[PDB]
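K.L.:
enclosed are the sequence and the experimentally obtained structure.
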Amino acid sequence: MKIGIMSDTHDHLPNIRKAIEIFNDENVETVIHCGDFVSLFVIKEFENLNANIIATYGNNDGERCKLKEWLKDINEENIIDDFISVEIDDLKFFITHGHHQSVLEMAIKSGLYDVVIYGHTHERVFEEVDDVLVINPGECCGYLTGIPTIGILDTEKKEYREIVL
Ligand SMILES: [Mn+2]
Ligand SMILES: [Mn+2]
């Protein structure tokens, strides 16, 4: 019943592994990654991730179709689009790389989802803005802010918390 959240891994292999371990060692049914993986080899490291993967395309993600195939050879369930609007554990999700703010803003203001997830900015935030649970797990790589993070969301109690690496 635990969903893993992460973003902007920017090829940092170490922190990527540290997150892939932290996730396994827990429930974590699925892992949302809205970030810029940035390079194809990042996808191999994930072959070691127990849960499945719902990813979004970061704007730096060059190999757009290679990433998709690869993510699948790793698992048929794994999905990756520019925008993913799904329902999970009886909850409406809108996931996207922080990329396009206009669409992000409207997903929140709209009132069609319960939970909204994005990244891009590298600034982790965790706020409730009109019933909407808005989450940016921050930068797994820790490059711009120097604070490397990821996060786990409780789909049951609607509870969440950051994890520093
Ligand atoms: Mn970005
Ligand atoms: Mn980025």
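P.N.:
Looks like it arrived, so ask away. Numbering: from 1, shown residues only. Ligands and ions are numbered 1, 2, ... in the order given.
K.L.:
quick one: residues contacting residue 54.
P.N.:
By Cβ atoms under 8 Å, 6 or more residues apart in numbering, the contact set of residue 54 is 30, 31, 32, 33, 78, 79, 80, 84, 86, 95. From N, CA and C alone the C-beta is placed, and that goes for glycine too.
K.L.:
please redo it, this time with the cut-off set to 6 Å
P.N.:
By Cβ atoms under 6 Å, 6 or more residues apart in numbering, residue 54 lies in contact with 32, 79, 84.
K.L.:
so which of the residues you listed wins on neighbours?
P.N.:
Of all the contacts of residue 54, the highest neighbour tally under other Cβ atoms under 10 Å goes to residue 32, namely 27 neighbours.
K.L.:
kindly export stretch 21-29 (C-alpha atoms) in CSV.
P.N.:
What follows is stretch 21-29, C-alpha atoms only, in CSV (Å, rounded to 0.1, in the frame of the first residue of the first chain):
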residue,chain,number,x,y,z
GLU,A,21,17.4,-0.2,-2.1
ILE,A,22,15.3,2.0,0.3
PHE,A,23,12.3,1.2,-1.9
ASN,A,24,12.7,-2.5,-1.9
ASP,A,25,13.3,-2.8,1.8
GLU,A,26,9.7,-1.4,2.2
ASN,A,27,6.2,-2.2,1.0
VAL,A,28,6.3,0.0,-2.1
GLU,A,29,3.9,-1.5,-4.5
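K.L.:
in the sheet, who's paired with the residue lying closest to residue 126 once chain neighbours are set aside?
P.N.:
Of all residues not flanking residue 126 in the chain, residue 135 sits nearest, at 5.6 Å (Cβ to Cβ, 6 or more residues apart in numbering). Beta-bridge pairing for residue 135 (DSSP bridges): residue 117, residue 126.
K.L.:
mind checking how far residue 135 is from residue 44?
P.N.:
According to Cβ to Cβ, to the nearest Å, residue 135 stands 27 Å off from residue 44.
K.L.:
more neighbours: which of these two?
P.N.:
Neighbours were counted for residue 135 and for residue 44 using other Cβ under 10 Å; residue 135 has more, 24 against 11.
K.L.:
show me what the residue minimising distance to the centre of the chain bridges to in the sheet.
P.N.:
The centroid of the chain falls nearest to residue 33 when counting by Cα atoms, centre = their mean (2.5 Å). Bridge pairing for residue 33 (DSSP bridges) gives the partners residue 6, residue 55.
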